[PDB]
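Chains as they are written, first to last, in this note's numbering: chain A, 2 to 76; chain B, 1244 to 1311; chain C, 3 to 340; chain D, 3 to 340; chain E, 3 to 340; chain F, 3 to 340.
No residue lacks a Cβ here, since even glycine has one placed at the ideal position from N, Cα and C.
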Amino acid sequence: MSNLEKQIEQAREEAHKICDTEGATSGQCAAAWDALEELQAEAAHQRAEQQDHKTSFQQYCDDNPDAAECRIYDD
Amino acid sequence: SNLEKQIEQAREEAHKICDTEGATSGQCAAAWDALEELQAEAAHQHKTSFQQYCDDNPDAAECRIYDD
Amino acid sequence: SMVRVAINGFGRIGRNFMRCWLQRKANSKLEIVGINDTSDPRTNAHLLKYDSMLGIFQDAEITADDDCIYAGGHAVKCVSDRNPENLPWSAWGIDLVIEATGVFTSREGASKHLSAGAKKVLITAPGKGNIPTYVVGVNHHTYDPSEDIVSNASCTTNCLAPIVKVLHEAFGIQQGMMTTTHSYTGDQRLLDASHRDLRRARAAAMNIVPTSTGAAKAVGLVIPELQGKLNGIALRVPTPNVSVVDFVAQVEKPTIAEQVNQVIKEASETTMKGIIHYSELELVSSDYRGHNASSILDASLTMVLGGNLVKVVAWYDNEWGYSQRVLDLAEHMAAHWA
Amino acid sequence: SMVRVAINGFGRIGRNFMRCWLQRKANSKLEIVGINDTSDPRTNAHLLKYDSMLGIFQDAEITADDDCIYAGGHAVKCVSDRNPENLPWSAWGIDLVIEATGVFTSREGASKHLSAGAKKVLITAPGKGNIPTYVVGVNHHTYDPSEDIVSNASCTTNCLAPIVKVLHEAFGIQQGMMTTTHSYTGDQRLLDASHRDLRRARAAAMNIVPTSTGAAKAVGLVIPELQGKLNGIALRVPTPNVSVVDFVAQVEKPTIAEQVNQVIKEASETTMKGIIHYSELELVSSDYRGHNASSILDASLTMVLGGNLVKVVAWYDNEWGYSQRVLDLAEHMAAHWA
Amino acid sequence: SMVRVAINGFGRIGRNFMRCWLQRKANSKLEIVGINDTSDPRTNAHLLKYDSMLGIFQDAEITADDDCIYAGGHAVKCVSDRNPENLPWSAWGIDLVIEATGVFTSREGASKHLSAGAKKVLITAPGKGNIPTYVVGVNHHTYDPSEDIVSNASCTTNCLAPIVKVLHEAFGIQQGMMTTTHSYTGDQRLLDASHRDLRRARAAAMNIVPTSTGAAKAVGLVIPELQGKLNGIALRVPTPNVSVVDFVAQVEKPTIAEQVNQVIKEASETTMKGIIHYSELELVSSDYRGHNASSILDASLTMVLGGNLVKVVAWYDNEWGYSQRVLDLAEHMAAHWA
Amino acid sequence: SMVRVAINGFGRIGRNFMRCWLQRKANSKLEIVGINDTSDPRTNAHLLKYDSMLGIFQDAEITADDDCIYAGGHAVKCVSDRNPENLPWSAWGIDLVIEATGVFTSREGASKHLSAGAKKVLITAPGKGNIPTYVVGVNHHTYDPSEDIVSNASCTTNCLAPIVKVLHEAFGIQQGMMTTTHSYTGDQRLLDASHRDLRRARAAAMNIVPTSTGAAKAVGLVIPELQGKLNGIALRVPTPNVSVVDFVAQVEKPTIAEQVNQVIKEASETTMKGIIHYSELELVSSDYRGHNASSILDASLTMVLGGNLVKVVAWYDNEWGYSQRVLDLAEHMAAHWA
Ligand SMILES: NC(=O)c1ccc[n+]([C@@H]2O[C@H](COP(=O)([O-])OP(=O)(O)OC[C@H]3O[C@@H](n4cnc5c(N)ncnc54)[C@H](O)[C@@H]3O)[C@@H](O)[C@H]2O)c1
Ligand SMILES: NC(=O)c1ccc[n+]([C@@H]2O[C@H](COP(=O)([O-])OP(=O)(O)OC[C@H]3O[C@@H](n4cnc5c(N)ncnc54)[C@H](O)[C@@H]3O)[C@@H](O)[C@H]2O)c1
Ligand SMILES: NC(=O)c1ccc[n+]([C@@H]2O[C@H](COP(=O)([O-])OP(=O)(O)OC[C@H]3O[C@@H](n4cnc5c(N)ncnc54)[C@H](O)[C@@H]3O)[C@@H](O)[C@H]2O)c1
Ligand SMILES: NC(=O)c1ccc[n+]([C@@H]2O[C@H](COP(=O)([O-])OP(=O)(O)OC[C@H]3O[C@@H](n4cnc5c(N)ncnc54)[C@H](O)[C@@H]3O)[C@@H](O)[C@H]2O)c1
């Protein structure tokens, strides 16, 4: 998460810059808040999956159920 | 010999009629009844070429039976 | 009038379903008006027309533009959004979503279509969690118009459950074991490659591949008395479509093979017509492409040991027969739409 | 001295058997000195060296001329007569004939080798009629030197009988049903073509093909207490080698899957060592190419219902593992020749 | 006033021909009245109906007894004699024999049908020796009604020769090389087994198998100006039907791919209509199953280097398209019956 | 000294490459210390050991825990990051990355390993843009040690370019067309499914699938004399590994087939030893599994028309032979590290 936390910091800084310039209730502000919130949510997803001793591969499969590596068709 | 000539014909007629008119049709019933009436004489009185071929050539592709 | 249907996931089942409807469109209360899928309309139209398994669609012309697929003039609007929440089911007026992505099989996942504005969702797969599951011919008459999320179960469940219902009502099934020798499906890798399931990781067209399956246990959802009394496994083999289920049951009333076959033959001419088909011919898998039944009993293979140990074998076209049943369930929901 | 062996029929089993012997040539009581086959020595030497399933033979150089195949200087004289009565078995001092044509499986047929001068015949297939049948690890120590025509059963019987013996001694088998999902074999046509068996008539690499089989009934020959209590079928699928047997049995002593697996595991370490291999790995058919065990229990797939209904699943290399048992049985006969 | 026809060899081509004629029967000068084959009629009728490649025959019922197969109430007399001199052609009133066994392609062998009472023989293969060879659309109007044994050439020659004729007349072919990437045929082995061709001996569904072919030299027989100027090879691959020819030629009049394609498209709409189909679609082999053309030019693949080195690629259904040509040639012979 | 190597993308090429190095470990200046891939170490150890195409790895024991794969007790650290910018190349001391994901073949993508800490990147594919491209045995001695990103071209270019080089030096290639009949690969679909390329969308084990290819044009990158003089296409066919190039060239010096073969044979014995193998044996694709050479000329198929139109046919194991050349190039880079 050390890399992801750097993405949260850059995404927080840009969110505050956009929201204070383009307006607290604007489209760019709502979108930039989205980027920060989505990252924060996956920082908590990845954190709760690490305490499950879940590999990064299994975190990938939870985020990408449609991927060729993750499809389980119960024939 | 001459009566199985008839039976052969009656069988062809039953196949042609039942395939064009349907197994449940009266025509198909009449055709088969004509056949059974003629085979009743066979009571008053074999290996196919393919079978004999597999007897002679059990290694041929047409004849192999491997018990898997 | 008619129910507005959208397909989510235009894959093998999605496209088989679409072709099933086009063949039965004359007598139908469903209108397919929308598709969501990972691909663009032109790719979707090409794959709908040119099918390695079904052959070239010839009933109607198929074309496409930036926005729609057209099948014989009648238009189908297309969109590409992975997240069902954003789907324009509102704007499109979607009543029923055919959920065939393979990924939104839980109530949480499937209900996202309802947030986007559809009334009901039909999952072409077993539900995760307590979603009502139906098998047409077995329990589809217990469908309540008040259910907004439904499962049509798996293809193997659709083959096995009608046969089990016949044998259970005729002889009394005490326990039951299943093996489906199954065509490979799109969840297996083409060559040895990363997969969460080490068996599905392996080259599908090179290998016999066992997989665990819930399909036999799920018969107990549509036949409640047999809950916990059935189990089985799957063997994926290198054929691209058509499968066969092998079922061995311990039964209560002693019987013989001739009597088992007669019981299934009579049921297929009466209570299970169109669902079970009875065959005494010595056919192979290719001959069952496009068969509309959920199950084709191969009567030649039936055997009984000791009066009470029964083996039956049944074919099913896992893409096309199942999709016919999806359409059957959708028409039933439409005929009883509340 | 050495027991001198001729192979009649240099096909998949005849050539697998030959390569099995070449690899165990150092410790062996057998000396392969002759081959009879419908083809010439140069063709058969090419096929012996270049095998689509086993790869290129690496151990010894393989050469041929008009009369002999040479496998590392070791010379194997060759002849090509479809009538075994005409074979030079007396002149070549043949003790043991490996009957691998698939054609002379009755006493009358196999005895033509005895008329030609051989002392004993080992049929690589079930016998027709009353021919003593052996599965190594099950009943091969019952072999009597005075039996001059014997059968090594089929590949499916060799996989199933060891498991059946273990399960019967531990739990008491009352009845049992089998399905083998089997690689296609050379008795099936490549494309739809003439055949006396309407299912073997069909294109083998495009189809799941059911066939009847005596392989489960044959287990009652090597385990006589189970005679009449076993039956089953075969399903040929588009793989060229390696098969898998699915066995469902009613047992007398109540049990669970963990106990069934533990019993077969213990046997694999003791009374069935080298015959049964117990695996808890999630493998697929290609991984069992060249495996020497007659049966590889896929422990992950074991299931039990209600204590008494038991399903086990076992892999086998129907070409190579079986030929290893043919080699084993012939070595046993050499050690008990009189 | 219809020509009475017997089929010798009811194999892939024999039965594809039969099903071609059954569909075109309403407009035909031919009545198929007889079949000779290794198989009995009940085997032959089963395989005529149930075809892994063509699917189940739908247009009419097909049954058999000991003596005939019946297709929609039309009886076809059957016999099983492997020596054509013994065949009842005089008794059955046979005019034309379709020689599709693959073993009577010499004049001497084909002529055995004449002494049994047939009037003419059409060999569904290249002839061995001095047999007039025809490709419909290339040279079939040079047919002489006084010829009693003719060859329809091979499937590859029927695909290549129409394109070669169009290219030659447009640009002047000086030399040309060919490779047909070709579905496997019944002449190959399912698993490694003896064969006069050491490559065709090898497992056909597991290998790319190079074989030689006279099919490019055979183009010189039907375009005499190009005799000696064409050669090539085959690569047999693991598909059961549909093939593709790749032709690289040195031409005399410099051009570009767009003009090569235009020339062939114009001919496919005029002088080669029904023979050559011009395709700009991005399809695969499955999509050309059942196509009636001898050659389907895949126009996206055409390329030209330095003006004079031209590559073209054409599909053909080697069973069905070729059988359509056999029937065309037979109808032509029937229209010029002297 | 030893060059520390990490593999990015543990797929077909990455795992073949790993097994190539493990067998050459005693005579190598490379040390494989790291792997990045989608899956975890346990999954990747399983797939490295159990390979449907290569069989079970025999040489060294393979195990894994949560952090590492162990091969012969040698530990290989594993990570799973889709973004190469984040990989621990500096911490792990990586000198060379094998770029085998198929996703980072442009300078923008591959340079992410450089900013992550690696010193050089070797792309196991054509490099996009101005990335220097090498074929070992053709131009790898033009490698400049100051290059930070290099490409090993494609498998087909590695087959074609050595033969092109030998033919060009002896006879003078003016122009040439290529068709590769090629095993399917992971970029195709198991069953008809969405794909940017509408032909690779189609079920790979069912179809012959034409695709355009850069491989013949790319020969001009490593033989600049011939830039713009070569073109060609691919046909993907239902085999999982091993391919064959069919090359038709216009040459300046007239020649005959025996002389073409002698020239290639002579090069295979001298300057091209281990790159080109010359075969007069009648083999099929399965026989070339695991062959170390980039190109195996099939001499029986060589033909020449009119003296100046030459056809040669060459086999290649597209997974293993290619990975041997990746290893070869990495070894060359390590021998000239700067
Ligand atoms: N194929 C069968 O035999 C069969 C039979 C019965 C049931 N099923 C079930 O039906 C479901 C689909 O199976 P299939 O064989 O059609 O698989 P498939 O992979 O061919 O089809 C899945 C389709 O959905 C698309 N998709 C994936 N994620 C998506 C998303 N987030 N949004 C929109 N589209 C998305 C894919 O691109 C693909 O087009 C599976 O649950 C399967 O178990 C399959
Ligand atoms: N393939 C398997 O998995 C397998 C396993 C166990 C047992 N078997 C049994 O072993 C026997 C051989 O099967 P296979 O797969 O090796 O078949 P195959 O067709 O590959 O081999 C048979 C060989 O015998 C030759 N042959 C046929 N008739 C002959 C004659 N009259 N004289 C001399 N040679 C003759 C054939 O040319 C061929 O070389 C069969 O009975 C089969 O049921 C096969
Ligand atoms: N399959 C193709 O793509 C194709 C295309 C064009 C031409 N051909 C040619 O057609 C001919 C038949 O090929 P096919 O693919 O139909 O092969 P096939 O093996 O499917 O058919 C041959 C039929 O003839 C029978 N037969 C063999 N010997 C016989 C005899 N002595 N008497 C009577 N019947 C006998 C066989 O049992 C079989 O039914 C060959 O000459 C072949 O080269 C084949
Ligand atoms: N297979 C061949 O015959 C062959 C021959 C020569 C070159 N190539 C080339 O080699 C490359 C790999 O081909 P392949 O057949 O091994 O494909 P593959 O799909 O088998 O291998 C790709 C591997 O990389 C992993 N991967 C994907 N994205 C990743 C990411 N962002 N980070 C880390 N790992 C990732 C995958 O999960 C997979 O394990 C391709 O460029 C291909 O063009 C292939």
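Classification of residue i by the beta-carbon crowding that lies within 10 angstroms, buried from 16 upward
{"i": "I34(E)", "result": "buried"}
{"i": "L299(F)", "result": "buried"}
{"i": "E282(C)", "result": "exposed"}
{"i": "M4(F)", "result": "exposed"}
{"i": "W339(F)", "result": "exposed"}
{"i": "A93(C)", "result": "exposed"}
{"i": "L285(F)", "result": "buried"}
{"i": "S54(F)", "result": "buried"}
Nearest to residue i (by Cα), restricted to the options the options
{"i": "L124(E)", "options": "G75(E), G323(E), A8(E), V221(E)", "result": "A8(E)"}
{"i": "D68(C)", "options": "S82(C), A62(C), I58(C)", "result": "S82(C)"}
{"i": "residue 343(C)", "options": "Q252(D), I225(D), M274(D), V315(D)", "result": "Only positions 3 to 340 of chain C appear in the structure, and residue 343(C) is not among them; the question remains open."}
{"i": "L192(C)", "options": "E70(A), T22(A), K7(A)", "result": "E70(A)"}
{"i": "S41(E)", "options": "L331(D), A217(D), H197(D)", "result": "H197(D)"}
{"i": "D319(E)", "options": "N10(E), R14(E), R6(E)", "result": "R14(E)"}
{"i": "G119(E)", "options": "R26(E), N88(E), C161(E)", "result": "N88(E)"}
Residue i, enclosing alpha helix (DSSP H) - first and last residue
{"i": "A77(D)", "result": "Unbroken run through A77(D) is the beta strand (DSSP E), 77 to 81; no alpha helix (DSSP H)."}
{"i": "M335(D)", "result": "322 to 337"}
Residue i: first and last residue of the uninterrupted beta strand (DSSP E) it sits in
{"i": "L232(F)", "result": "232 to 239"}
{"i": "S156(E)", "result": "No beta strand (DSSP E) contains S156(E), which DSSP labels as neither H nor E."}
{"i": "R6(C)", "result": "5 to 10"}
{"i": "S245(F)", "result": "245 to 253"}
{"i": "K313(C)", "result": "311 to 318"}
{"i": "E101(F)", "result": "98 to 101"}
{"i": "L307(D)", "result": "305 to 307"}
What are the start and end residues of each continuous beta strand (DSSP E) run of 3 or more residues lying completely inside the region 269 to 301 of chain D, in chain order?
278 to 281, 297 to 300
What residue ranges within the region 14 to 75 of chain C form continuous beta strand (DSSP E) runs of no fewer than 3 residues, ordered along the chain?
32 to 38, 64 to 66, 70 to 73
Near-chain D residues of the region 292 to 305 of chain E - C-beta to any C-beta below 8 Å
none
Please list the residues of the region 195 to 213 of chain E that have a C-beta atom closer than 7 Å to any C-beta atom in chain F, keeping them in chain order.
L200, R201, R204, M208, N209, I210, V211, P212
Could you list the residues in the region 103 to 136 of chain C with a C-beta less than 8 Å from some C-beta on chain A, going in chain order?
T103, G104, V105, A127, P128
Could you give the uninterrupted runs of the beta strand (DSSP E) lying entirely in the region 177 to 236 of chain F, keeping only those of 3 residues or more?
211 to 214
Alpha helix (DSSP H) segments (min. 4 residues) lying fully within the region 105 to 135 of chain F
109 to 118
Against chain E, which members of the region 31 to 60 of chain C pass a CB distance test of less than 9 Å?
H48, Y52, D53, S54, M55, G57, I58
For the region 4 to 23 of chain F, which residues have a CB atom closer than 7 Å to at least one CB atom of chain C, in sequence order?
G13, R14
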